[PDB]
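Student:
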Amino acid sequence: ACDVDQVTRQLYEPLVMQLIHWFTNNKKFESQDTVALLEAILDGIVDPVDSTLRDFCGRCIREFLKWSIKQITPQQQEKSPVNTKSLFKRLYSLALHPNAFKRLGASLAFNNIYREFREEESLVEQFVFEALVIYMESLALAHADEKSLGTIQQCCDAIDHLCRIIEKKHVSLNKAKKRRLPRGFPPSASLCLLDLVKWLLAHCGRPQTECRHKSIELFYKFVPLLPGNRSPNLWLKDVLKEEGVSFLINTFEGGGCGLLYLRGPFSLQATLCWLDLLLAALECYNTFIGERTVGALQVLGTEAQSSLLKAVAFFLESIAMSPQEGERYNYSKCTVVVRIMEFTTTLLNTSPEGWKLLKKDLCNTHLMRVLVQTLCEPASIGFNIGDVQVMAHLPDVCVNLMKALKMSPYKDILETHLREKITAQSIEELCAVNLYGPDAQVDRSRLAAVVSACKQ
Amino acid sequence: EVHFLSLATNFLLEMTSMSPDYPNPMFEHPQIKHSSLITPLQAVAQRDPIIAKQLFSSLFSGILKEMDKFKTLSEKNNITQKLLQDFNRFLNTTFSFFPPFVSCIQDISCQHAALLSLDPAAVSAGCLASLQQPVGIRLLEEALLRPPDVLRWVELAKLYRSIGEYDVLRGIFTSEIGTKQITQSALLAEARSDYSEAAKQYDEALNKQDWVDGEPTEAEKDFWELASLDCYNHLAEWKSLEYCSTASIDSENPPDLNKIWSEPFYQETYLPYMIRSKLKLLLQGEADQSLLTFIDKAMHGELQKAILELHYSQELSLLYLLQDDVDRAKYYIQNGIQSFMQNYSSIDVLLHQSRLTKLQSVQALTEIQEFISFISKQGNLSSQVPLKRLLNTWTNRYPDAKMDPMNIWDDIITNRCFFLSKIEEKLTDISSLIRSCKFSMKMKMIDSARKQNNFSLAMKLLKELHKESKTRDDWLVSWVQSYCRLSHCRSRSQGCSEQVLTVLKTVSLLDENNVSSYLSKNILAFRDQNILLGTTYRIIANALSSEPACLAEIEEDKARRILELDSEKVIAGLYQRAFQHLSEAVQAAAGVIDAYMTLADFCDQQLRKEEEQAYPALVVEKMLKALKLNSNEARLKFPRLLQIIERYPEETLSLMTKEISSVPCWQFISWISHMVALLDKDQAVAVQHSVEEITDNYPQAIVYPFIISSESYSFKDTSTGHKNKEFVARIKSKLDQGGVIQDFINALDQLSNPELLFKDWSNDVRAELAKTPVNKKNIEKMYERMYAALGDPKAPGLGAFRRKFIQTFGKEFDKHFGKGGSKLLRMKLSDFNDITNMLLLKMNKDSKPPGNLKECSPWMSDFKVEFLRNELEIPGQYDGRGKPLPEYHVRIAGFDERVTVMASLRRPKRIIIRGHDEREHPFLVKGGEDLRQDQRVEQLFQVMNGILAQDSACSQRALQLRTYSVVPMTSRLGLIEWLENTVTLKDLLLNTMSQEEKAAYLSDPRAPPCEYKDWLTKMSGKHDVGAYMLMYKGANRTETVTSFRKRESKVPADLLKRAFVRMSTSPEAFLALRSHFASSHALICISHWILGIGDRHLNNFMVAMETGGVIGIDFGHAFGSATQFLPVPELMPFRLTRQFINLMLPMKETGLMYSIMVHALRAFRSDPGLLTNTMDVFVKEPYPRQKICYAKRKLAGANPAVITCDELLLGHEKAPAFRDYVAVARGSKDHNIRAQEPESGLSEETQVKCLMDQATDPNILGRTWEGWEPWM
Ligand SMILES: COc1ccc([C@@H](O)c2cc(-c3ncnc4cc(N5CCOCC5)ccc34)c(F)cc2Cl)nn1
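Protein sequences appear in the order of chains L and Z. Quick note on numbering: the first sequence equals residues 973 to 1230, 1241 to 1303, 1323 to 1457 in the deposited numbering. Quick note on numbering: the second sequence equals residues 2551 to 2580, 2784 to 2899, 2917 to 3198, 3226 to 3362, 3369 to 3391, 3406 to 3429, 3440 to 4009, 4039 to 4128 in the deposited numbering.
1) Should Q3966/Z and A3880/Z be called a contact, given that it needs their Cβ atoms to be closer than 9 Å?
2) I'd like to know whether the C-beta of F3694/Z is nearer than 9 Å to at least one C-beta of chain L.
3) Should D3507/Z go down as buried or exposed, given a rule of 16 or more other Cβ atoms within 10 Å for buried?
4) Could you name the residues of the same chain whose beta carbon sits closer than 6 Å to that of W4124/Z, not counting the 5 residues immediately before and after it, in chain order?
5) Alpha carbon to alpha carbon, how far is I3913/Z from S3275/Z? Give it in angstroms, no decimals.
6) So which residues of chain Z does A1252/L contact, with C-beta pairs closer than 7 Å?
7) In three-state DSSP terms, what is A3006/Z?
8) Assuming contact is defined by CB atoms lying nearer than 9 Å, are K3543/Z and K3603/Z in contact in what I supplied?
9) Keeping to the same chain, check which residues put their C-beta closer than 6 Å to that of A3461/Z; ignore five residues upstream and five downstream.
10) Less than 9 Å between CB atoms is the rule here; does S1288/L satisfy it with respect to chain Z?
11) Against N1071/L, what residues of chain Z qualify as contacts under a CB-to-CB distance less than 7 Å, listed in chain order?
12) Report all residues from its chain with a CB closer than 7 Å to the CB of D4109/Z; omit the five preceding and five following residues, and keep chain order.
13) Measure from the C-beta of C1164/L to each C-beta in chain Z and report whether the shortest distance is under 9 Å.
14) Counting beta carbon pairs with one atom in the region 3232–3252 of chain Z and one in the region 3174–3190 of chain Z, are three or more of them shorter than 8 Å?
15) Out of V3119/Z, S3870/Z, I3103/Z, which one is the CA nearest neighbour of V3132/Z?
16) In chain L, which residues lie with their C-beta within 9 Å of the C-beta of residue 4130/Z?
17) Looking at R3789/Z and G3939/Z, is the spacing between their C-beta atoms short of 9 Å?
18) Do you know how far the Cα of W3686/Z is from the Cα of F3571/Z?
19) From the beta carbon of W994/L, is the nearest beta carbon of chain Z less than 9 Å away?
20) Look up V3930/Z in the DSSP assignment and give the residues it is bridged to.
21) Under 9 Å, do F3640/Z and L3666/Z count as touching if we go by C-beta distance?
22) Which residue marks the beginning of the beta strand (DSSP E) containing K3736/Z, and which one marks its end?
23) Considering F3887/Z, what are the terminal residues of the beta strand (DSSP E) in which it resides?
24) Determine, using beta carbons only, whether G1327/L comes closer than 9 Å to chain Z.
25) Quick check: the Cα distance between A2975/Z and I2952/Z, rounded to an integer number of angstroms?
26) For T1275/L, does the three-state DSSP call read helix, strand or coil?
27) Which first and last residues belong to the alpha helix (DSSP H) in which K3302/Z is found?
28) Quick check on the burial criterion: 16 or more other C-beta atoms within 10 angstroms. Buried or exposed for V1100/L?
29) Does ligand 1 have a heavy atom nearer than 8 Å to the CB of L3469/Z?
30) So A3594/Z and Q3760/Z are in contact, right, with Cβ under 8 Å, and what is the actual spacing, rounded?
31) Thinking just about the alpha-carbon of each residue, which of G4067/Z, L2790/Z, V2855/Z, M4002/Z is nearest to the one in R3467/Z?
32) Quick one: is the Cβ of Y3082/Z within less than 8 Å of any heavy atom of ligand 1?
33) Could you tell me which chain Z residues have their CB closer than 8 Å to the CB of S1065/L, listed as they occur along the chain?
34) Return yes when the C-beta of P3702/Z is under 8 Å from any heavy atom of ligand 1, and no when it is not.
35) Closer than 6 Å by C-beta to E3012/Z: which residues in its own chain qualify, once you throw out the five before and the five after it? Chain order, please.
36) Give the list of continuous alpha helix (DSSP H) stretches no shorter than 4 residues that lie fully inside the region 3700–3753 of chain Z.
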């Protein structure tokens, strides 16, 4: 059907469509022929390098969705093992799967069958609107496979497609109905939306990055959908005061915030997972305090005996002090040093009233030293020469941190510490008598780094 | 004829157009006309010749079926004979054999009985020219079903000889072209590669005169001539080869002319051998002006030139480079390159070993071309470094010994010798390295020839290399060493007297000026010469160890040698002088570990002689020094010498420990489960460091002994027991720390049905507390273990998780487990276990086996790896003989959400555990069953096929067992690596047959099952076991064989052949499937006899439904066990039943299911002892000694029937009708060769012949277990 040529494509596309039509009919219903066709079209939607086959297989699945509801009457839509209910269950099992090419298949299935199931109702409040969480977990499982495999792209696109219709459906149809229980939710008769955002709140600090993001944006689009139509600024203070202080701090701390065996770079993925959890806490705080949702001093400070500040201090004290896993560890530690810089930026530039909780441990030669070391020779802290987003984006987060730092008091260690590395004598002595010659590497690279730092 | 098929199909499908049957063939709703299926069919049926062939064939067949209505029988026969004459005209008249045309006529001639007697000679010649042999093979084998049927055999054998398949080729030069007795002898001499006496008694039996028992057929005279040609080709005496090529064609004076060109049989039979012998002789250096003139005069016309130019195309290149017209030799080598291209592209892909043979010539032809190109450079004759790196690459590139027959080595070495002689004469140091290159290359060829048992060619190569092997000291020691190791290797298949005679004479050639002044300079060469000296004396000594007198009875002047290096003190003299030579080798790659093995195996075999001078101390050092390198053979000697130190505990442990400490310890995983066994007993320190180092690099290997052996070992207050127990507990704490491996083990433990575990507990209590109420505190110490899973539903929840089986079982069995806790906790009687029986049957009725889904264990159902807490690493990696990489090993990543409870009594169930390799891996899990037997016999199969891959005879036949990874994670829980796309034999047998006959086989009193039961009951007296012993005194051979044939006649004969011809769609598919099945099953059967694998029901056999190869499974019986313990003995080495036989015919059962057995048995009784002592460690952990003795006997040469007698006498002392047992085991003395053969000293061939004539013996298959199904 989806062949390269026009003659054999425009032939055999109507073939497969017409067979989808006929095999979806009460005469061809409950037949091993039809289940064979469905199996074939699935293991075409979930396979390696034939992608032009995945596209057309998604089209075939949306045709299935059309004609299966178009044929099977509601008087018999209770014992069918091939109806849309079981189709969506098999899509879920295809999505919660360790294979980096079956989750992609369920992603494409949703992407093609969202144009339906959203123009249909009276049975759609239990299949998928409830199962946004399951495809969220699909984006969680996509944490490891490959950025360029297109699994995260399609998964984000379908969480997109699903939020853009759940937000509309459940703003008026928001009542204690017997909606089907999705995975991980507490067993209850009603799961309308309050526990949907309560689940989104259970982890905005899950270590897997893109699922965490999507959850955070799902709050920031869903919170103005309760009948109160309120906004997070007062809601987080309300829940923190009516549910205890420990709630909002702990549900962002993670699960494992509590050694020197990895003080030297090591790839033991226990360390990589602690780094991931630190990144999760960093991002969730940054995105909550940073906008007016909560105050910097509201959730930070010693009154609640927090844990972020301790581990971030330990970090900058012990970040920059097998052969190929070193680069992996370096990447995963640089992606979190950059995020703590962004955290300091969103901590200072948001309210210059809480810097007192930023104890002098980072205002010592721990924050500012990694600052200086990114500015000059960023490869010293493991920034691998050869990446794209990180290297081009570094002189942005570094400078924005400097500009958040200048206004605040801790511009003094700033000046007296930059001045120990970009003192004038360094620039003058770098510009020696001969800078044009065979000794390119050392002289030219040193000047390039110092000039780039000075331009920052 | 290219287009004849499309033409004919067009012509036939024209006349369908102007017929009124075009009424929309279905005219209903899902339509289409009745012509849009015919016109495009023919449109494509003239674009490709395969649809053309196949439409012509199906339409021919349809016409000849629909002519059965009209065309009365006489008219039928007239028409069919017209077709047959036309088809003979097709084959005889065709000019360029178009493979789809030839195959079309040649397989539509196969589907009709009248047309099946086509033309053996034309069939064969057209298959050979068309390179489509399997269609002809099917035709000839269906014509040879239902002299004409001796020239059919000649053509069949002619047509296999091009598809390799040499075993089934030799299987009819001994069963159809036969009936004399020198034929078998010479073919046997050819099979085991002794092509000296084989050709010798081809000549002397071709030169014979009278033989007053019958004149030899011409069909075997021409055979003998061809066989002598091929034999003389193997051991390449090209003198005799050209003489035999000219012998039977014309007179003794060589006239060579168009004599060969007439009567094409002369062409086919003599032209290859003729020019091979002549040109080879021209190549080694001679002129003889013999074949050159014939070739040159043949360079005219069409018939005399086209055949030789198109089908030799490389001998032409060599001859013309000899004539030094480089352009034409080039043209011919390139023409040979496209010749290989077109030939190889035309062998079917399923014709394995035809493409190997065609590919093996590419190396040689490329050598030819690259030399002619290298010599074309004018400056190449002035610069010497081009020669330097050409020699470097040519000594880097060799054919491989053990997988290239000696003709490829011959080709490469001779052609390279000619090339490099041309180079040397084209450039007058260089010539010193030239001579070195020739010498080393010929020595490499000798080594190859020697290590694949082509002894005589190696001897002749030493002889022709001896004249020039005197110029240098190293060349002297090289020649003497090569000849001496030749003698050692070739002195093994011989008789003991022959062995001692032939290895004694390589002693004077060893004490001459080769040990004079050269045992001082090259210490490694000195060590190799010492090894050869020591092994010479070893062979002589260990030879005369057989008998004290008759060995030193037939002897002569040589006896003074025996005297100088009574009659029982010479034993020790040879021993000790060999020991001195061997030790001086030892103090002086693998030469260090070659000395280590020679020393250690001398000591160990002399020990095993003595058990019926500290060798027990001596072996360990060299063993562990070699295990400090890589060695399967040195892997072994922990437990044997640890036992001989359990006898003598004072000496040589700390040296063992010191050497074991310093090694890369990745080499104990293959034996981990044997060394962790001894830690429960004394002297356990022998394996402490290396296990504690494995557990720090490859950390999972302790949980299996030390949750079972720990309570199976009683560690007292001994000064060393406490530290050993704290060592094992400390590794346990340092290995079992994550609670993840134990979590997987508990998930699988709960995956077992609660009913089976309760039944096991009931068996334990009924066998433990019922014998005598003296075993105290056992029930108290074991009840909590089963209560931790059974009883209250919350116990497994505390243990692993909330369990669905305990949810539907612990709740249902509440007031019974309450009673069990109240009374059975301290009852300690087991007097009245009817409560256990009723509880078990209640579990059978309302605790259904169909759990029906994996959700029953949520941890497995919701594994979903989320964090590193010691990820599982699915069990089955870590083979051994590699540096384990647990990062390339597949890690568990999820589970497939379905479980199928495959139906057995104990009922294991099979699970589809996922993996991160994006592939998938299914498994079986057995709960309550110990799997040390299966895992450990599979260890044995791995060592066996490691042996096999290293025997060249077995290797070229690609002889390997099929093994699956068995890994027990504890006693009462193992998993088994279930292979992909397989099926059991039972399902093929009952799925190929028809519904009527499956019904007749299942439900009918006359069926072999019902017939056998009624036979036993009606002429025995009773209905159950023990009737066989009552039978056997009134169950004479004749009546039993007649009844066996009666019952067998019911079940179809061609049934498994129907299976293979049913899933093939090609002749090549059928041919490859049947050959693969027969070969694999032959090695399955003989490897299962080397260590008695009983209980070979039809359901213990798996077979790929993608290759046809066979897999052995479910090794419950591992030694002679069904023949010694079971109430119904199994008096048969292996299943070779009726269907396996009737798979191959017209081929007889002694052509392919014989030669594979022979090569396998040869590879097995050519051992260091690997099988024997790995079996020693098989059985000697908690009469096993007589089991090992029987294995030694029936591996070192023995009669299968006396061995089965030994088994049965060990297991059936004073048993009823034991005389009849032994009489049916031993044979008849007039109908079974088994009986008519001696006790031992049987050769491989004779051993296996007796073995098969015991396996296919109707006197045992008539009386054996009813479920084994001896009729099918
Ligand atoms: C539809 O298939 C089949 C096949 C066999 C049977 C019964 O003989 C059968 C076989 C066992 C059994 N035992 C040990 N190892 C095995 C190893 C197996 N492997 C490993 C290699 O790859 C192929 C499968 C299979 C089965 C094994 C068993 F515990 C129960 C039964 Cl009832 N029933 N049905």
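Where is the CB? At the ideal position from N, CA and C, for every residue including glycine.
Tutor: To lay it out plainly:
1) yes
2) yes
3) buried
4) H3924
5) 39 Å
6) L3695
7) coil
8) no
9) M3450, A3453, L3454
10) no
11) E3745
12) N4088, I4089, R4090
13) no
14) yes
15) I3103/Z
16) One cannot answer for residue 4130/Z here, as it falls past the ends of chain Z, which runs 2551 to 4128.
17) yes
18) 8 Å
19) yes
20) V3810/Z, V3937/Z
21) yes
22) 3736–3738
23) Taken as a continuous stretch (DSSP letters only), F3887/Z belongs to no beta strand (DSSP E), being part of the alpha helix (DSSP H) at 3883–3889.
24) no
25) 7 Å
26) coil
27) Counting along the chain, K3302/Z falls outside any alpha helix (DSSP H), and DSSP gives it neither H nor E.
28) buried
29) no
30) In fact, because the Cβ distance is near 20 Å, the residues do not count as touching under 8 Å.
31) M4002/Z
32) no
33) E3724
34) no
35) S3047, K3048
36) none
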